[PDB]
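Two versions of one and the same chain are coming, encoded as structure tokens; call them structure 1 and structure 2.
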Structure 1
């Protein structure tokens, strides 16, 4: 409120797009301490509670400390944004580390879940519920195999409204507790979500699955699942018993996070065959989720580029006094600053110094029409290379193609209607039942107006 964020911190690099907003690697201008700042835009996110309830939870969260909980250092608020400043972790997402290794057993799964439960138990004792616990929120403290897990976004859910855009809801339906869907829930919803993560660690397949978001939510609401897949034969009976207690439908009957640590499976496997079939399915699952996410962000970046391309052309056309199509470097900065003044402050461009530098980078490469193409191509370049990398990673056999069955699974996770993508495919392809990267990219372009 009183203190300004930009006067203390400077943006160094974009870490990624998390829940509620963009995540930026920032650095203190005095001490040089690196920090990860989640920037939540007030227009794209609505406040569920009042301002005084939010400040009270922020104050509590700043005093909490646990080795498996991400530390919240500071909190800032300006006219249109909320900035949540915390510690940086470079180890990446838990599931990205599991797909790289060749050996994964119940001892590794028990060591993972013991950490997740230690953090949850500690936060539940302080009356803080996560509500949106999922593998994406489990980060590794360092780039190593024996590194600590840190749970992020612990306590946001209660004060910020969930996004309705599929690019942000991707992969959430698998882990949500049934009682969260019907409205009456408490801290037991985090035990269910951890139970779902444990089920995926030991088999590589979600317990509640479907061809789309709604079919998954129907399975979660019914609450029925089975240990009827071949890979569950090589898993112990105590692991299955803990999952049964964690995935109990009635929350009052469901085990607590505290009692889940004292369970025989945690006590025996933290104080042993390799689950090879489970690794292959986590690889397939992670690749499928990441390609679906990359496809949705690619379409979103193409629509954002079209909006900003025309908006920046209109700003520069009005600034062109004589009408030769040219402008000075100082004029282009005024017009680029006007784009952020009209279409909101950018996550990468925190202050005027970052805008002046962003223009100098485009001016070094590059008529304002040519400059418009470069500045917009730089924003699309960050999204097109992620799509190709995700397509290449999904294509594990390096065939260069993805089958029609794989497209149905991808578009199913992305929530693109079955009849809509099949029609778009016939317009570009026109019939081997498989598409290459360019054809896949052409389908996404046609699925967002281009």
Structure 2
């Protein structure tokens, strides 16, 4: 059984953990689904194929409304294809940052869903390990929509990449016992407790200027409710957080018992019978937090994309050159289409639209190369601008040096490195950059 016999790719949904996620369609029934493609080359497996096959078969039999449904598994020489249900409501936090009000009740309802899914998976001896906001998808972009946890069980069978683009934000949520090697299902209670802490305060409990600093705080395991905005939170919420963030896992509360907690019982009642002051500073803080995480991620993806497009520009010109038997540097539509296929049609026609509107004759392939690549980088360049604009909440058009330190810290760009690049971009900078200057910094940070 081969993937492509059954499913056609329709559009890309993003990169997730361990590989690329594509919206696909059953060639017969028309059913839409999401497929995660895991490159055996790029991604090492942890276990034997028999363990993987067994766990997959188990996952297919399981069903819970807060757990992503897996439908099917395929393999060829180069890839694993994991087929499941597609959710269209986006990441939980990207929804939360658009709300005007957010109370403990809203936090409780979110966290009861997470604990419910986790409790069910732990019953089946499946551990997540990498539970974080990015793994909480909504069935629709609405405060009322159901949460689906994605990626349960993957970490048991696949080794995580050490590329920073892949691991942004991971440090905040990882259980200390995972850092040290001996872990079990209790690590997912810790990650949920970190998420709960963030929902209620807008700030991670273990925080720091870069990956090492954050991890050092997680390992020490010390955190407080020192911040001002913890005064607006019930002692009951805090009590559950203490139990979920208990250091020694055998002393840490279970997911089952966290569902039973007074706070969950009391605040997830259909009928709101308790006070619901909007946690206004927490929303402002969560927005700052999400914006920063998205801009750091976008920055890394932009630099990644500029390197990829550099190679591909070279390859494409080489390819067209071989095909250019005339040596006149002009090709027809047909030749351009095969050349672009060779690199790895409607995209060729969009390029020719710009290059020769009338299509009177042949195309300067050099002009085609530019447009092809100098457009194809759009999604990363516009996503970068969108993240910058979003981060810039006051519409100042600038990011301060303090904010750059944060953004780059999160991004593992060395402090002295980005300041040197800043100096090259603008000798007379005054501790702030506009979008173009920021983009100039990123180009210089990836050898451009």
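Positions refer to the first chain, counted from 1. Each form is matched to the other, and the largest set of C-alpha atoms that superpose within 1.5 Å is called the rigid core.
Shown in the overlay between structure 1 and structure 2, fitted on the rigid core, is a CA shift at residue 183 smaller than 2 Å. For residue 379, the Cα coordinates differ by 2 angstroms or more between structure 1 and structure 2 after the core has been superposed.
The smaller of the two rigid parts, set against the larger, turns by 9° between structure 1 and structure 2.
Fit the two forms on the rigid core and the C-alpha of residue 142 turns out 1.7 Å off between structure 1 and structure 2.
Superposed on the core, the two forms differ at residue 219, whose C-alpha moves 0.2 Å between structure 1 and structure 2.
Superposed on the rigid core, the forms differ at residue 322: its CA is offset by 3.9 Å between structure 1 and structure 2.
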